[PDB]
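Here you get one chain, nothing else, as structure tokens; it is the form solved without its partner chain.
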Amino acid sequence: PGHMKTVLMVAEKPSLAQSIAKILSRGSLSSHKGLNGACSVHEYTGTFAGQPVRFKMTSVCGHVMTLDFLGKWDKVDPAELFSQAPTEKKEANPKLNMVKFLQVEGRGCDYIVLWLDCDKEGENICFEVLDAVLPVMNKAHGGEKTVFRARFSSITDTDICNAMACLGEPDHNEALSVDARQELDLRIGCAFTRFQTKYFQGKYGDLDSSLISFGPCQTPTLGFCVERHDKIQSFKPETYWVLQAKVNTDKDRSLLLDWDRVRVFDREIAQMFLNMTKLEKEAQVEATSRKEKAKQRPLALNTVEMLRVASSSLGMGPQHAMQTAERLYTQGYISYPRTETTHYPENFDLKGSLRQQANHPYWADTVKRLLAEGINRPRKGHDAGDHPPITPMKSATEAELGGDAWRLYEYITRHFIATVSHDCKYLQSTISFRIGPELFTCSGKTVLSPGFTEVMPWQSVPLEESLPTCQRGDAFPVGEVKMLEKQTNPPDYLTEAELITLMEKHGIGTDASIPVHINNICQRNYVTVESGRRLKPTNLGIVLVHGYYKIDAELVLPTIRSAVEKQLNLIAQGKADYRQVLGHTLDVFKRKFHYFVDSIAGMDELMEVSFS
């Protein structure tokens, strides 16, 4: 043979590179600092393609490049930003000299193995890395297969070693989809925004025009929040009436009965119902029922659900939750937290994972019992073919993780244990009473077996007194018949969880970009985070959405954005053309831009009134 080949391997972050290399080298790792200070280099000897080679594992630091125009406060025509103005990739963090670092460590290498995180974003970074390293590689084995791509979902021995055993190739289609989204959002975003910042610059005393922006995704996202605001302001409470009766059992208990008609919105018919029941002194039992029912254990955890719970229960904003989750993934405590999958792959050792939790004080006894009783089969969920559900991959304590990391890990773990636990079994009981012509019911739940609600106590069935045993035909003295007059209540501002659900429902913010957009409209102070993590539109945010809507509703409605993202996903699947999707979309929004500029009065008028 000739010279021993050197295999360069690149992960997305320094910690990832170190951990992966430590696993693959079985601890025979030799590490030294790179030129940039951020990135280290991990070297060791091993085997590749049945041959002894030298391994050289390092990393980048997230995206190497960001898309920008070719060449701030300078005088350019926003209309030119659609087609004329050229765009080019620039280093996302120039001080790190990432391209130079890759060239230096990648020089003279024969093979490259890509260990970037496995999403479309990661595939895009693959070609960032390849663009830097390929020109500097050794030319010897230059006509061989020199580029490899590892696929993995967790930084664990099992998943990382298997990745090496079945190396694939980087997906250029998925990489192109990321590029296309970046270029679309940059051009369309800056065009509509820069026009307004200049147009309104110093125009009104109480308006800092630099606060105005448009985004093909962030604006519809804000649109949802402002829509709720509008519903709240225009809400008209309605009076309604509820008939309720109280009954005395044989064991001298007051049963509160629920009206079969539940409620009424007519004053006269309400008075009519009260009159025909208030004098009745006896309630006849017409029917009884006992039904064993199940409160199901949760579906396996996906990203969208994690974000809802982290917000609603843990008080973490979507971006805060994602970075916390990503850090957990980085240290190998959970699987990759960007997934739509709610279905456990068949190969996955669930009992093994459960066994890992058998020693934590909070659920050791619960887990041990489950291992003795035998694990339940998780519910069949959805397999999006991206990653497994977000699952604990390693045991942990609050000492190891710290505040935010532990709180998120505890939920992910408790949620997991529940998926492999049993359903909650309870008794649903009902009694039907006849009072005059009117029907009434009283209901009650009795827990038979807690099931998963032991490890998830917040989903437990509330303790209620068992309904009295009685027979059809039995009669109870009516203790009281009253009619409640009530008022319908307005909705509250959108919670982050509701917004997440809305964005998922309308198909915007796909590929886990939802937390970015939500954080964006918060960072721009278009909404404020109020108690219960509610998103209350600010004055400017309201004005902006109303302004955009008056000019062109399609700028605010998620319809257009949803279709674009579907087109972008088709690029990723190789079912749509990169350049054609770019061209068509940019044409559509260029047309809307010119209409926007012509109809700017729709925005200006609202701006004048609100900001003098």
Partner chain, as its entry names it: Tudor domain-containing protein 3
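Positions refer to the first chain, counted from 1.
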Deposited residues omitted from coordinates between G71 and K72, as a class = 1 to 3
ask   = Per the entry, where is the mean C-alpha temperature factor higher: 114-122 or 475-483?
value = 475-483
query = Looking at the entry, does 144-152 or 466-474 show the higher mean C-alpha B-factor?
reply = 466-474
request  = Kindly indicate the residue among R26, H42, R561, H63 with the greatest C-alpha B-factor in the PDB record.
outcome  = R26
key: Residue, from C166, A310, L502, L186, that the PDB entry assigns the highest Cα B-factor   = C166
key: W363 CA temperature factor, ranked by third within the chain   = middle
Record-listed C-alpha B factor of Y344: chain third = highest
ask   = Of the three thirds of its chain by CA temperature factor, lowest, middle or highest, which one includes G37?
value = highest
message = Please say which third, lowest, middle or highest, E565 falls into when its CA temperature factor is compared across its chain.
response = lowest
query = Of the three thirds of its chain by CA temperature factor, lowest, middle or highest, which one includes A17?
reply = lowest
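Not pictured, yet referred to below: the form solved in complex with its partner chain.
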ask   = Heavy atoms within 4.5 Å of its partner chain in the deposited complex: which stretch among 143-151, 383-391, 253-261, 213-221?
value = 253-261
ask   = Here the chain is shown alone; which of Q471, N525, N275, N539 has a heavy atom within 4.5 Å of its partner chain in the deposited complex?
value = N275
query = Given that its partner chain is left out here, which of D206, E485, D266, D365 has a heavy atom within 4.5 Å of it in the deposited complex?
reply = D266
inquiry  = So, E238 and its partner chain: in the deposited complex, are they within 4.5 Å at any heavy atom pair?
reply    = yes
